[PDB]
Each structure stands twice: as C-alpha cells, then as structure tokens.
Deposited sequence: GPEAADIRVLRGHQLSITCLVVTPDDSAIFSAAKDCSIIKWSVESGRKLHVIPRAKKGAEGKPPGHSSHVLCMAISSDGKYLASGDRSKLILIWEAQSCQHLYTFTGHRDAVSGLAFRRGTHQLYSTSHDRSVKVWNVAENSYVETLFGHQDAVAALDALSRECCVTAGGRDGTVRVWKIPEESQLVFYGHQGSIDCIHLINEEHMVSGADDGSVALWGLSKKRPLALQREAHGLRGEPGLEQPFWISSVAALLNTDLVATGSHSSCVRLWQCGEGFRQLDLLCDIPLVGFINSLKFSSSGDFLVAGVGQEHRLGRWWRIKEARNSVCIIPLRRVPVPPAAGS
C-alpha cells in the first residue's frame, strides 16, 4: 500500500494534466496539460528532460492536448489537440517531425499498434482514423460512433478499441476484416478505456461503474458499480465518475481514477468475471490519466485541479502534477 510518503509529486505544469504516457523503457514520462505544453520527465530524478511550450513559428500546440501515444520502440510521440491536429515528435529529442490534419474536431484518443509505426486516432468528429507514422501518411477513416468519441486503445493486432462517451458503446475495430464489433454496457457516458490483453479491456463510466470486457461477448464480463463510492444525501447519492482507467499488460491488475481522493487498484478474477478491490492509494484531485510502467514496478497518475475536459469543478487542495506511485 503506497502512501503519501512514497508518491513522488512532479510539479511544472501551470494547469490540469490531461494525459500522459510512460516510455516503453520506463526511463521517462511525457505529460500534457491545459497549459498546452508537453513536459518530458525523468522517472529516476524527477527532473524535466524537455519542455515543449504552448504555441519564426516554433512547433507546438495552440489549444489543449487531450491525448498522447508513444510507439512501442520509443521512437515516436503523437499528441492530439483541440485544434484537430496530431503532432508527431521524435521522442528522444522532442524534435517536431510532422502534423497530421484530417480530423474535423478535437482529437480525443491515440494509440500506436504495438510493434509497428501504425497510429490509430479518434475524435469528437465521431471517426476513427488510421495513419502510418513511418511514412507520414493517412490510410483510412472508419465510422460507427453516434457521438463524440472519448478514448482509444490498441495492442499488437491490426485492431483498436474505443469508448463511445454518450453513445454508450465500446467498439472494436477489426481493420483488415473490415468489421466493427459493437458492445453495450455500463450505463451513462463511457469515458475511458484500456486494454488488459489482446482479448480483454477495462472501461470507466460517468455513473461510477468499471467494466471488464472480452472480445467474444457483447455484454461486460464484470461490472463494479459505484467503484469510487458516493457523495450526497440518502436516496439521492451521486456516484463519483470514473475519469481514468489503466491495466498492467497481460496481468490481472487494473487501476482506476476519479476525484474521490484515491486511486484504486483492483484484481481481476478468473476469466475476468469479477473485480476485487486490492487497495486505496491516497491522492487528491481529478485523476485525469493513469498508466502502468512496463515493468509493473510503478504507476503514473496525471492529476488536475480540474477535470481534463472542462472547468465545471475545481479541487483547490489538489496540485497539477505528474505522480509516480511505486508498487
């Protein structure tokens, strides 16, 4: 059980963190925030390795970055923003390489196909797009979601998964098969998603539910209601909404984040048919992003005083920080 005395709180962002990635070699973290900057941090020292400031016209973002992805070889960083752009960077040097245009609204989810330089994106424009980063090329656009798309993840197969926000679907995009599997589940807005292995994923919803899914089955394999508890009055309590989820690849460990003052670790039961609470990790604020290290030695939380998508709520006791949680 990691406590405050264990969690390194990295300060630098001027506003709420919206997303982050950990480099495959676990040496560095890239974070982005509502300040429109991207910061590269050293995991070992906690110091900044590079800062890409808000945007001669030097490269950078002029509006919020909402999502980021890093390729499995650690070569490319992709960052998607409210300007409808995906910026591509050399992750080693933070040198700008390319800008993908084509989305018609904010870019909301990004993931590289593991073992390749193929990039999948999704957007408030309701589309999923496929790009080849090695060749700075656009490949194709896929449709299905009925509303703005909330999130996207991918692993090694020519496939990606999306959280549909308000359309209440999780969709599985089988690209060469030219097929889309549609799943319906844990109610309200499906706001975050992460693959656990090639055949299973975890999602979080604005009604506080955390669901486990398998690719075969159209309904969740498991569903934990009110996963971060409640606030309010008898008969009218409102559940804490799930703002981030993460899974440690090829294991049974998942993490969830809300604004309930703790990050929760869960263990998936046999066949992913149950979610069991392992521990509460104390951490105040909106848990806007969660990512496990490759080693599983640590978990990284991106924390904001505000929710990653808006200004509706403020937690003044929180700090806009990248938090390294040793496991």
Practice problem: Return the ranges of the deposited sequence not covered by C-alpha coordinates, sorted by sequence position. | Solution: 56-60, 333-343
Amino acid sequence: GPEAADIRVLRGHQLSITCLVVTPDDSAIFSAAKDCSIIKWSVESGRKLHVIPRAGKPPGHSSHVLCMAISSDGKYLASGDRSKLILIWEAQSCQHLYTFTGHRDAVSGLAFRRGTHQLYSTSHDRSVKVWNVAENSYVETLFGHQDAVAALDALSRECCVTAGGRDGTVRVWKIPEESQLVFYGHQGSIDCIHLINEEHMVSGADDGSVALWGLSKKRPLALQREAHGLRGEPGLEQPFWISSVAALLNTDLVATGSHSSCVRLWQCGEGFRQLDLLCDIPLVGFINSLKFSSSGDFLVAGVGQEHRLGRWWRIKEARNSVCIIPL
From here on, numbers count along this sequence of modelled residues.
Quiz item: On average, are the C-alpha B-factors higher in 207-215 or in 231-239?
Solution: 231-239
Quiz prompt | Higher-scoring stretch by recorded Cα B factor average, 105-113 or 170-178 | solution = 170-178
Practice problem: Kindly indicate the residue among 187, 244, 83, 99 with the greatest C-alpha B-factor in the PDB record. | Solution: 187
Practice problem: Would you mind finding, among 56, 285, 53, 302, the residue with the largest C-alpha temperature factor in the entry? | Solution: 56
Quiz item: Among the chain's modelled residues, which third holds the C-alpha B-factor of residue 145?
Solution: highest
Quiz item: Lowest, middle or highest third: where is residue 136 by Cα B-factor in its chain?
Solution: highest
Quiz item: For residue 317, does the deposited CA B-factor place it in the lowest, middle or highest third of the chain?
Solution: highest
Quiz item: Which third of the chain holds residue 281 when residues are ordered by C-alpha B factor: lowest, middle or highest?
Solution: middle
Quiz prompt | Record-listed C-alpha B factor of residue 129: chain third | solution = middle
